[PDB]
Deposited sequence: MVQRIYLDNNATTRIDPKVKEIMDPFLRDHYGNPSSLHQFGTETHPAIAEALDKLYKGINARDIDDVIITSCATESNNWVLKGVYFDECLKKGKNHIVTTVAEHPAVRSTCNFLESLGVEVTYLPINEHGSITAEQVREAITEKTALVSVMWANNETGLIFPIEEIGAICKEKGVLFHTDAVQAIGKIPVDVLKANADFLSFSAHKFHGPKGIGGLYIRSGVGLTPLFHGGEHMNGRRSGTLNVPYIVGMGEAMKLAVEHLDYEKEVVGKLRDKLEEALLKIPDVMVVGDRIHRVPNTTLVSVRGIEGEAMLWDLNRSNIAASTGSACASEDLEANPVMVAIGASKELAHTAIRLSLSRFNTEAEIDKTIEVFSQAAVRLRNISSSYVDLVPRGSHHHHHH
């Protein structure tokens, strides 16, 4: 059979080169990097190269930290609860601003902080489907410890004005965190232009393995650890290093930035080919804005057939996509134009054989 994977915002395929670079640390180089003997120090060069790739991947400075976590969910929980202890309980700055579009890893923890008594405002989305930076200004008070706005939305793909928000946050002296998981390998990511204090990411969204993530912490910014133990990662996150996934995520970051032109020029062009081909069908319509979007995502809406039935039909035809009432289709570098023509055909055939209402 020949299956079609169009659900790359849910997770991606590991690049074969990433798997290859991970194998030796799953095989004979099994030493704990904290060990003083040769099995330990033997792993250090590859770790340094992976970390270097990550730094260079997000234009982090050598003075900055890029701490290895187990996923973006860990990074988000760590920023929000850490800044809860440092600035809300200890500095009395009991206010956090975020958006309604953030991943549940951010919003649900924010709900928990509300249950403890922190006041959090979830900014409402506007009609163009994005946020404006002035919205955060209107919501930022002199008691705001942190603003957290995702770089790109996972359901629709829209890119948010992180740069301008970073300038506002910089002028007013409030910590800035951005969940950028959906941005890596899709668009250029620069922590300096964003003036970000915190940045989240997760490997399996740019063709690394599930179960490893990263939190960029800018130099000097404090954040009480979520994993206490104080041994690893400059004492900020304890636990024996996931050596294979660290190297793999480094190579995956490298490949992701090396493929940016291909992502925008080829993957984005196929997304436009696909989208335009699908909009040649009755009362369908893209949900959201079509200009300020990441190159890989289209979010299509159909008449009165709910999206989940169409997704059942496609999976029956071995074509994988996700929801977002609407259908989210998210591409990658490993899709081909033949795959897109076939998906246009199967989508139409499924659509007319679903239209038969009653």
Parts of the chain sequence, as deposited, that carry no C-alpha coordinates in this structure: 1, 326 to 350, 385 to 401
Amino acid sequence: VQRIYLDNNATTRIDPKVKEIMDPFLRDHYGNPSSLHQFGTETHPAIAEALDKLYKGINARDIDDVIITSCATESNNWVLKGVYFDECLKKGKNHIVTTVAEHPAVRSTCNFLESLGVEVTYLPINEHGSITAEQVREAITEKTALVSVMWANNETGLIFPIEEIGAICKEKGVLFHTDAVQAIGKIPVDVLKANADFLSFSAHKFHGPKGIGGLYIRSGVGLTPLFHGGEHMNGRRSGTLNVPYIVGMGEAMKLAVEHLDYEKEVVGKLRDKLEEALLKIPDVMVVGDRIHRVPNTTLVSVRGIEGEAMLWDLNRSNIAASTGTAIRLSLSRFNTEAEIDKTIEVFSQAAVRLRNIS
From here on, numbers count along this sequence of modelled residues.
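The term rigid core refers to the maximal set of C-alpha atoms that superpose within 1.5 Å between the two forms.
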Root mean square C-alpha distance from this form after a core fit in 8 other deposited structures of this protein: higher for 300 to 308 or for 50 to 58? 300 to 308
Mind pulling up the entry and telling me whether 279 to 287 or 90 to 98 has the higher mean Cα temperature factor? 279 to 287
Got a sec? Mean C-alpha B-factor, which is higher, 127 to 135 or 184 to 192? 127 to 135
Of the residues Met22, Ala350, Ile14, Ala10, the one whose Cα carries the largest B-factor in the deposited record is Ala350
Which one, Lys205, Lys269, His259, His232, has the peak C-alpha temperature factor per the PDB entry? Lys269
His177's Cα B-factor: lowest, middle or highest third of the chain? middle
Looking at the temperature factor on the CA atom of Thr240, which third of the chain's modelled residues does it land in? lowest
Going by the CA temperature factor in the PDB record, which third of the chain does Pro295 belong to: lowest, middle or highest? middle
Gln38 - Cα temperature factor, lowest/middle/highest third of chain: middle
Report the third (lowest, middle or highest) to which the CA temperature factor of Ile140 belongs, ranking only the modelled residues of the same chain. highest
